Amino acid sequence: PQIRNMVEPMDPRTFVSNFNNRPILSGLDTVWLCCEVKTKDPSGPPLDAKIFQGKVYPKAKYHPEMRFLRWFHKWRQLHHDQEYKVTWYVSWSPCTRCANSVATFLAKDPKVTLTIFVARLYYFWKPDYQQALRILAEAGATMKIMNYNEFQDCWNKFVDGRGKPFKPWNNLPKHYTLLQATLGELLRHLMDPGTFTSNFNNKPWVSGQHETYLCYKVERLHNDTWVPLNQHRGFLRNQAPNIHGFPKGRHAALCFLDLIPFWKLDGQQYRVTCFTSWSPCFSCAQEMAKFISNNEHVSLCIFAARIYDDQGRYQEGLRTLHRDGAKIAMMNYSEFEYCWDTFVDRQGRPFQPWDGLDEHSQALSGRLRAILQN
């Protein structure tokens, strides 16, 4: 039995119009949901597959997530009980009602695990919808943003492409990174402690890997005092090159600069701080210096674990960044501890500093000062 025999594949124009992942997208009156039900073993065809659709308004009871729940209840009565792995590709993330219904269903049934790939985040800026996605995640649903691979898979399985291959729309990768970072913020995703310790150790770097992790937070000026702005706190990393994502990669500092306009900050004074495992290369620093030159109400503070020699003009880039008003400093014990406490999935464990932390911070601080004073 093949997916083509299980579903009526949707029209290609229905798929592309409904699954376009522009984060802010008006005019869509419908939610689409493609799903597969599998055993514990993921290889081969699913046990069954279905496409559900429902109008957003006026009744959530006809949203495709609830249509799925009613179909799946009846389907299970007709098949021999076993453990099920369910995958959804949904055009909009769940509204508050569906999120709470699915969360209740998952939490009462240890035999079912659910992964939800979403094309767009629905009302991601509204606290009610944020809290509902957290309840769904806490019920064990794995919630991810649809990337190129999932759009292509959904095209192959659920669309009447007539053998033509999936063609990505404009800016699919840029949309993905904005949504991924936004989903991480609202789920309050914390960084793996091993990933933190490995990447923020400031001893001389000996690994062949060049990856950059970047933790960020935002403050607002209020009554001559900086106050936390808890909505936009999290971490991200560089995007490795891939011809279906960013063909030349996208460095962490640039992904961070992409986020700031997406936050829709008002005209008040803001201080945006990042803790990055590598200081920015020349290209990143130029872009960062351009940004702060053009956004006078945003103050940048950059704390770096290590100084990245890009074999080019990185020293001049750091000088330009400082000249244009960014604060640049090397992370000391206090900044390492703050990120462990704030951004890392530490499970109550205190910060344990690696060997030579203080000594390496002093050496790097002296190198930075020498760079900035030329």
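Note that residue numbering begins at 1 and tracks the sequence as displayed.
Visitor: Should the higher mean CA B-factor in the entry be assigned to 240 to 248 or to 267 to 275?
Guide: Higher of the two, by average CA B-factor, is 267 to 275.
Visitor: On average, are the C-alpha B-factors higher in 225 to 233 or in 116 to 124?
Guide: The recorded data point to 225 to 233.
Visitor: Among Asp258, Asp153, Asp109, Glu185, single out the one with the highest C-alpha B factor in the record, please.
Guide: If I rank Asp258, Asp153, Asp109, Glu185 by C-alpha B-factor, first place goes to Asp109.
Visitor: Per the entry's Cα B factor values, which of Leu136, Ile145, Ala289, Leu214 stands out as the maximum?
Guide: Comparing C-alpha B-factors across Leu136, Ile145, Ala289, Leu214, the maximum falls on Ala289.
Visitor: What third of its chain, lowest, middle or highest, does the C-alpha temperature factor of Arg162 fall into?
Guide: It falls in the top third of the chain.
Visitor: Select lowest, middle or highest to describe the third in which the CA B-factor of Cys301 falls within its chain in this entry.
Guide: As the PDB entry reports it, the C-alpha B-factor of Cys301 lands in the highest third of its chain.
Visitor: Could you look up the Cα B-factor of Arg220 in the entry and say which third of the chain it sits in: lowest, middle or highest?
Guide: Its C-alpha B-factor, which the entry lists for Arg220, ranks in the highest third among residues of this chain.
Visitor: Taking the C-alpha B-factors as the PDB entry records them, is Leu78 in the lowest, middle or highest third of its chain?
Guide: Ranked within chain, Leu78 CA B lands in the highest tercile.
Visitor: Ranked by Cα temperature factor within the chain, is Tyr314 in the lowest third, the middle third or the highest third?
Guide: As the PDB entry reports it, the C-alpha B-factor of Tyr314 lands in the middle third of its chain.
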